[PDB]
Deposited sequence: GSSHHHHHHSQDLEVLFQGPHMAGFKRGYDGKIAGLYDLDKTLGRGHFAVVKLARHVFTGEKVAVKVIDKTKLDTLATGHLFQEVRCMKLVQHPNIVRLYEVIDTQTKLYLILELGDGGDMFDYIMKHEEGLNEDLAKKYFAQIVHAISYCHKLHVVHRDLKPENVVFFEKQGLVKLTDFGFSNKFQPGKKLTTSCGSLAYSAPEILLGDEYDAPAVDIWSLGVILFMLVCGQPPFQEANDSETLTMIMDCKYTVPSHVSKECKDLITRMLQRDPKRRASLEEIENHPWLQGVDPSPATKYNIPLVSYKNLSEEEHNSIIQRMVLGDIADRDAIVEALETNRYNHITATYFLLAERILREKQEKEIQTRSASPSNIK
């Protein structure tokens, strides 16, 4: 009765699926993905934080971010109906290029990645698990898109390995730097035999850039992969870096403000939606945290300004 997705997706005739409409028994292009998350392997404190984190995602809308169409809750499991790509992930593509992509082609992929996270960070959305495996091809459209937002050692910023309190936007900037490296060398920037030996390198932040990599692009990598989260680069620097120039709007939250009746409506709709206790919402917004509340606030803020500009 209430385990119908369960018998479809987990039954004996067989967690990421494609649902594709058939025509005379062959695939068409009407398709969505479905991701199945195992609630059981998680606590009710953690399972409560997962559902708020993914509900928030339905509000993200960007060409280079994979849309979350629905979340369907179950006792035992959670189902995400997602946009479905065409040519696999960006990690297998790099495996097909053992010494790197040509820089002009790299630029085209990385600009899209950076444009995506740059949009996220202006809306207080933050990926936390940024890997080439989470960059996905939409080949028929000529796009890459980020998927599988957060909530394995190479991609982790070295502060994450220390366990100390993090500034979440800077960890994405690091994970951005590991991605640039892998595009232009076809190898991860920190890889030794022992998982332990590796860890030292990442803490040290000692990597070699191959000689064929241009002077500009070498500089961009050192601006994102520095041992200290405070010295890394904000996105306006990366977005406008020389290396990315030439490669061809921006979120309204960045340069316009809410009216006070507009601001109050959001916080009212947020509490009525059981997003959080109003006190927590204002601590969050004032602390300027990077979590599903601020994100919810700022995505909803953007939908009102977008409507206000349309009327004009």
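*Asks:* Which residue ranges of the deposited sequence are not present in the modelled coordinates?
*Replies:* No C-alpha for residues 1 to 8, 23 to 45, 183 to 197, 295 to 301, 366 to 377.
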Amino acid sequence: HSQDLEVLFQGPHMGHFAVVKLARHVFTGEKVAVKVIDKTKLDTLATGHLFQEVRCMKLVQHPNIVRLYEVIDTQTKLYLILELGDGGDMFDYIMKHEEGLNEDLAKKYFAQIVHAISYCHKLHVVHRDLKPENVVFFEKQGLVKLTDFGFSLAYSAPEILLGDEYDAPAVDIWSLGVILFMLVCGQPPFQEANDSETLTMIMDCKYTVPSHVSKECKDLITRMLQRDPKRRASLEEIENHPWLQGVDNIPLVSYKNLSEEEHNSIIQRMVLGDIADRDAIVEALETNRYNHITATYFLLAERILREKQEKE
From here on, numbers count along this sequence of modelled residues.
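*Asks:* Using only the Cα atoms and their B-factors as the entry lists them, report which of 133 to 141 and 197 to 205 averages higher.
*Replies:* The entry gives the higher C-alpha B-factor average to 197 to 205.
*Asks:* Once you work out the mean C-alpha B-factor for both 16 to 24 and 290 to 298 from the entry, which is higher?
*Replies:* The recorded data point to 290 to 298.
*Asks:* Looking at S175, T76, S211, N102, which one carries the largest C-alpha B-factor according to the PDB entry?
*Replies:* Max CA B-factor in the entry, restricted to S175, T76, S211, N102: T76.
*Asks:* Among the choices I65, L59, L50, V34, identify the one whose CA B-factor in the record is greatest.
*Replies:* In this record, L50 carries the highest C-alpha B-factor of the candidates.
*Asks:* Among all modelled residues of this chain, ranked by Cα B factor, put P242 in the bottom, middle or top third, i.e. lowest, middle or highest.
*Replies:* As the PDB entry reports it, the C-alpha B-factor of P242 lands in the middle third of its chain.
*Asks:* Within this chain, which third does the Cα B-factor at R223 fall in: lowest, middle or highest?
*Replies:* Its C-alpha B-factor, which the entry lists for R223, ranks in the middle third among residues of this chain.
*Asks:* According to the PDB entry, is the CA B factor of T147 in the bottom, middle or top third of its chain, that is, lowest, middle or highest?
*Replies:* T147: CA B-factor falls in the lowest third of its chain.
*Asks:* In terms of the chain's CA B-factor thirds, is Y166 lowest, middle or highest?
*Replies:* Highest third, going by the recorded CA B-factors of the chain.
*Asks:* Compared with the other modelled residues in the chain, in which third is the CA B-factor of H121?
*Replies:* Ranked within chain, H121 CA B lands in the middle tercile.
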